[PDB]
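Here you'll find one protein chain in two forms, each presented separately as structure tokens under the names structure 1 and structure 2.
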Structure 1
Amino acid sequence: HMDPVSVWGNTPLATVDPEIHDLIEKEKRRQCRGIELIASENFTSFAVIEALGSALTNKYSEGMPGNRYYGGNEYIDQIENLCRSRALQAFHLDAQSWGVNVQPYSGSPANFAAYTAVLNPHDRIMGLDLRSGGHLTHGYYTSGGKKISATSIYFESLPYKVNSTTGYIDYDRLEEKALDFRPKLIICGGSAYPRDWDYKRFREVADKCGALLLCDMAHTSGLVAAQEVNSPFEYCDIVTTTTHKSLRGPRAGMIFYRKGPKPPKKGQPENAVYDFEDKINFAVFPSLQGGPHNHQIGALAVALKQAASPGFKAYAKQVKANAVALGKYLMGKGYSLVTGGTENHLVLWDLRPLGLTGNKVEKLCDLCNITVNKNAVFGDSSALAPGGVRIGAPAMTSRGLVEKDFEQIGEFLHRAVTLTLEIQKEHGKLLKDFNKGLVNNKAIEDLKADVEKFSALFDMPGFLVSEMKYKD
């Protein structure tokens, strides 16, 4: 005998699965009672979340709006078309000159589909080296030659690097490498590079070597939409992005591509037009993905409408101002930030001058409800014990924090890193020994208490703190 639909199918999570419900409620409290500084995290809206958790998950809709493989897509088509049009609008793109595919499941899927669309297996790519600030999917292999990302397996990667002393992209060495290596695709955009990008120079280099130029704006896409950092669309053939970082949406990816007439170029025929659209669509489906996740597409449509608002531009301005204010506070104490500041939403903090690795700082911070991530910095070699920590402003800025509040975050981070150093000095640099200092540490308890009191002062998007199971 089947359970009635009402029993298995309409009963709330809190009754169906108390264990999972409790864990979500614990996670909700964690998110609003600590200081969340992972640069790739944000707190999305309740409206996005209501779309994400909806009947849209039930629909198979392989293909393109209007050109589907299944029937029943009358409304899914309108949702996807709205998502696509709102994506172009959010980035101030003319639909005659740009198209967008909104089906990628996430950022790594989006990049792999973009590469599959324009590259054959083993074709050459150049992206920013991971330890210089680029992403895994920009062709990451280690200095020891170990291929880590599939983008260094299925494609041939030659990363370009920042200058080892200034931390800024070395555009001269980029050009020299591109002319020697002759990549089919040059990738710009990054995960931990704290400066803006000279897309014009990237276009000059790509033209000199005959490469396509792709910007992966995942981290800063919200700043791009708000016209608060350089726009990659002016110069790049393809722009990929996630939607869950500074864009403040669901977890999804998007691939933007040029359409229409190509700009004049020597040797190029008259009336030549871009030919990315069909290849990009085909790479996403049927080549790589299956059914779109329509609940993510619907949720993304909501986020893109929210991103196009006056309030969102103010948010993006505030994100940048908070990151700068945090950076100045840390540098005043003598902490080493890569490039000595930031022009975006994050700072990259080199802990090697302190004799610390990023895992120790991440671990101690976590016990204080300060959420960061350890992060590779130039020249290090251990991913799980790297030389740095990365700090981002988007998530707490979404809770309404301003510059003075980010200065308090700076002080909390100074306390945490100081305490990390004191524990290492007393208990040892070996992780096994360092860990003994994390037990019954009154200063950790004091800092945790201060962090939670501070965090409780701010509102929180995505759910009602007043109705959460675990209150103060």
Structure 2
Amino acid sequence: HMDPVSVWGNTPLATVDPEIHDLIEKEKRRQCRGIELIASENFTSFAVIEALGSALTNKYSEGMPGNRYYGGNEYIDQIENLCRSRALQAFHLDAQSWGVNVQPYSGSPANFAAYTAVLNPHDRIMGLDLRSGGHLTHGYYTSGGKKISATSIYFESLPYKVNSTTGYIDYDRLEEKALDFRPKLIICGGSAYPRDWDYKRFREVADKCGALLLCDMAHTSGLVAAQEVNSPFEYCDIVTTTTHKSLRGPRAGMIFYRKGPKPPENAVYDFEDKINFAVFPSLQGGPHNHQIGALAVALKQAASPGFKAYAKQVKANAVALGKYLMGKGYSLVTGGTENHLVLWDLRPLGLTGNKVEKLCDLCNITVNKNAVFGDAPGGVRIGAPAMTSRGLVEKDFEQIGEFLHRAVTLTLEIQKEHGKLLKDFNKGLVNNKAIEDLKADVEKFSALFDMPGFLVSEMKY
């Protein structure tokens, strides 16, 4: 005998799966009772979450709106049409000049789909080196030549780097590499770059070597939407993005592409059908329609005046956080920031990023180690989106800087006393009284702000 539908199908999670329920409660507590500085993280809205956990997960709609395999997509079509039109609006794109595909499962699928669409296998791609602040999906092989990223497995990648002494992109060496290598595709955008991007310069480099130009704006997409950084759409052929991170949406991807007539022969752009086809049927199956509904929510939120003020506040919080760190004598790559993150150079203090990351982590401050100047990594990457989504402003971020300051000095006390090597450093973390104290008034600080996505006046813990 089958279970009644009411028993297996309508019964709440807390009763069907106490184990998993309990873990989500604990994870919910972890998220609002520490300090989140991972620059690729954010806290999304309840409305987004409600669309994401919805009956939309039950519909199969392989194809495009108005062009499906299966019937019954009357309402799914309107959800996706609305999501695509809200995506153009949020980024101030004219529909005769730009299209978007909102079906990629995530950022990396959006990148690989775009590659598939405009490149043949083994075509050459250039992307910002991983050690200089780029992303795995822009190409990565090891010094031994092992192809790590699938972009490097199925295409031929060669990275460009930042200037080793200023930490800025080396646009002259980017051009020299592009002219020797002759990539079919140049990627800009990145994950740990703390400055804006000269898209006009990338566009001149691309024209000079005959390359397509793609911007991956996953990290700054929320800043792009609020027109708080340079718009890649002004100069790029294709723009890919995640929809979480600074956009504050669900986990999903988008591919934007130029439509209509080209600039100066006398022909038009060829991207739309190649990109839709690359996503389906080539690479993906049914779209995740609950993601698309949730993203359409996030994109509406991303157009509001409130979101334009959020992105403004993300920048000023990062500035004030770094202004405060340099105030203590600390070193930031490029000496400041123009976006949502700072990159802290710890090599002047004789420390590695691993050490600061491990100790911060013991106080519920989450950062990640990061290579510096294209170089064990010498820095940490610190981002503002997540804590700004909880309503922290400059003074709160200057206070986060104080916690980081306290964290790094305790990291030095341990290194002075126990040894430079990692195994030695670890000895100073076993029952460290001062680490416990910083964890304490870090947790008390984080308890002072609100939290989107769920009511803290409701959590199990």
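Rigid core here is just the name for the largest C-alpha set that superposes within 1.5 Å across the two forms. Here, a residue number simply tells you its place in the sequence of structure 1, counted from 1.
Of 426, 50, 27, 446, which one's CA moves 2 Å or more between the two structures, core aligned? The displaced C-alpha is that of 426.
If the two forms are fitted on the core, does residue 93 show a Cα displacement reaching 2 angstroms between the two structures? False for residue 93: its C-alpha shift is below 2 Å.
Superposed on the rigid core, does the Cα of residue 80 end up 2 angstroms or more away between the two structures? No, because once the rigid core is superposed, the C-alpha of residue 80 moves less than 2 Å between the two structures.
Once the core is aligned, does residue 142 move its Cα by at least 2 Å between the two structures? Shift of 2 Å or more: yes.
Value in Å for the CA shift of residue 200 between the two structures, taken after the core is superposed: Superposing on the rigid core gives a C-alpha shift of 0.1 Å for residue 200.
Superpose on the rigid core and then read off how far the CA of residue 413 has moved between the two structures, in Å. Comparing between the two structures after core fitting, residue 413 shifts 1.0 Å at its C-alpha.
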